[PDB]
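The next block holds one structure in the form of structure tokens; read it before the comments.
Read-outs: derived from the displayed coordinates by stated rules, not from any lab. FYI the Cβ positions are ideal-geometry reconstructions off the backbone, even for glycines, and counts take in every protein chain you see.
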Amino acid sequence: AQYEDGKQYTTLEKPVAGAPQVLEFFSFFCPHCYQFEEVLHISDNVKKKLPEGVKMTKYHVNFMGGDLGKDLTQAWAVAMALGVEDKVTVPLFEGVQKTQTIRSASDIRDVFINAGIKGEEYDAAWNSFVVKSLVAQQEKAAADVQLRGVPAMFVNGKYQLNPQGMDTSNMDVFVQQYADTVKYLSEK
């Protein structure tokens with residue numbers, strides 16, 4: 001075949017029922033995730049090739065960066081609740097990995113303030129049970145697939161993308177192969 005289990009993807013031995021169609025996992029501490037967001041724009045290029053009626057979910061994980069890692073998962077919950085993902089993703093990545101100006105929850109908060117979310121609104125979100133259950137969702141979804149590594153993408157809770165088995169000589173070719181694989185798995 002041209003798409004083979006074990007080459008552009010692997011199959012989950014234990015499929016996850018009721019899982020989001022396209023489920024992607026990242027960490028702001030994760031160097032390939034930085035690449036995936038700012039250099040490759042994976043999420044975006046996958047979207048562009050996905051059918052219609054298909055939903056994309058992106059979750060943060062706890063297992064990198066200890067205490068700050070967990071703060072970042074809660075902050076991403078806040079981002080999802082307020083719908084400001086597209087205004088904080090880049091400054092969070094750059095604050096963690098480029099400038100290294102994010103060292104505490106207060107520093108994470110500054111990123112949001114600077115992005116124009118109001119202080120009051122962020123703190124209220126931060127402390128809300130809606131954000132608590134959204135943190136729970138992030139953890140549960142990660143637990144559902146025994147996640148030990150990011151970046152990761154899962155399609156319909158049964159197939160996991162395998163970027164190691166794609167050519168990396170050309171970054172644009174890598175992205176299209178990645179996106180075309182998601183589409184193929186989608187239609188499976």
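Looking at (1) surrounded by 12 or more Cβ atoms within 10 Å (Cβ to Cβ); (2) assigned to a helix (DSSP H, G or I), which is the only condition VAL145 fails?
Only one criterion in (1) surrounded by 12 or more Cβ atoms within 10 Å (Cβ to Cβ); (2) assigned to a helix (DSSP H, G or I) is unmet by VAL145, namely (2).
Would you confirm, using the coordinates I've provided, whether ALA136 is over 30 Å from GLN2 (Cβ atoms), touching a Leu at 6+ places or on another chain (Cβ under 9 Å) and small (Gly, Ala, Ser)?
Numbers: over 30 Å from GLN2 (Cβ atoms): yes; touching a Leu at 6+ places or on another chain (Cβ under 9 Å): no; small (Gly, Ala, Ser): yes.
The answer is no for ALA136.
Sort through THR57, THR73 and tell me the only one that's part of a strand (DSSP E or B), among the polar types (S, T, N, Q) and closer than 18 Å to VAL150 by Cα.
Going through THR57, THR73 in turn, the sole match is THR57.
Exactly one of these conditions fails for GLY6: (1) closer than 26 Å to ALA143 by Cβ; (2) touching a residue at least 60 places away in the same chain (Cβ under 8 Å); (3) buried (at least 16 other Cβ atoms within 10 Å of the Cβ); (4) not hydroxyl-bearing (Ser, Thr, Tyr). Give me its number.
Among (1) closer than 26 Å to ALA143 by Cβ; (2) touching a residue at least 60 places away in the same chain (Cβ under 8 Å); (3) buried (at least 16 other Cβ atoms within 10 Å of the Cβ); (4) not hydroxyl-bearing (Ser, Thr, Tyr), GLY6 violates only (3).
Just to verify a result, which residue in segment 1-40, among those that are more than 13 Å from the chain's Cα centre (by Cα) and small (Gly, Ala, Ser), is nearest to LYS87 (Cα to Cα)?
Here the answer is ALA19.
A quick yes/no check of all residues on (1) in contact (Cβ under 8 Å) with a residue 60 or more places away in the chain; (2) under 30 Å from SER186 (Cβ atoms); (3) polar (S, T, N, Q):
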| site | (1), (2), (3) |
| --- | --- |
| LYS118 | no, no, no |
| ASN127 | no, no, yes |
| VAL130 | no, yes, no |
| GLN138 | yes, yes, yes |
| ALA142 | yes, yes, no |
| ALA152 | yes, yes, no |
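Just wondering, is there one or more residues in segment 37-47 that are among the hydroxyl-bearing types (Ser, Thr, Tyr), touching a strand residue (DSSP E or B) at 6+ places or on another chain (Cβ under 9 Å), over 19 Å from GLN146 (Cβ atoms) and outside any loop (DSSP other than H, G, I, E, B)? Full working, then the answer.
Narrowing segment 37-47 to residues among the hydroxyl-bearing types (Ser, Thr, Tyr): 43.
Still in the list and also touching a strand residue (DSSP E or B) at 6+ places or on another chain (Cβ under 9 Å): 43.
Subset that is over 19 Å from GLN146 (Cβ atoms): 43.
Going one step further and asking which of them are outside any loop (DSSP other than H, G, I, E, B), we end up with 43.
Yes: segment 37-47 contains one or more residues that are among the hydroxyl-bearing types (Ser, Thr, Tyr), touching a strand residue (DSSP E or B) at 6+ places or on another chain (Cβ under 9 Å), over 19 Å from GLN146 (Cβ atoms) and outside any loop (DSSP other than H, G, I, E, B).
Please go through segment 77-108 and give me each residue that is touching an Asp or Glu at 6+ places or on another chain (Cβ under 7 Å), under 22 Å from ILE42 (Cβ atoms) and surrounded by fewer than 18 Cβ atoms within 10 Å (Cβ to Cβ), ordered by number.
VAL90 - this is the single residue of segment 77-108 that is touching an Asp or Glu at 6+ places or on another chain (Cβ under 7 Å), under 22 Å from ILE42 (Cβ atoms) and surrounded by fewer than 18 Cβ atoms within 10 Å (Cβ to Cβ).
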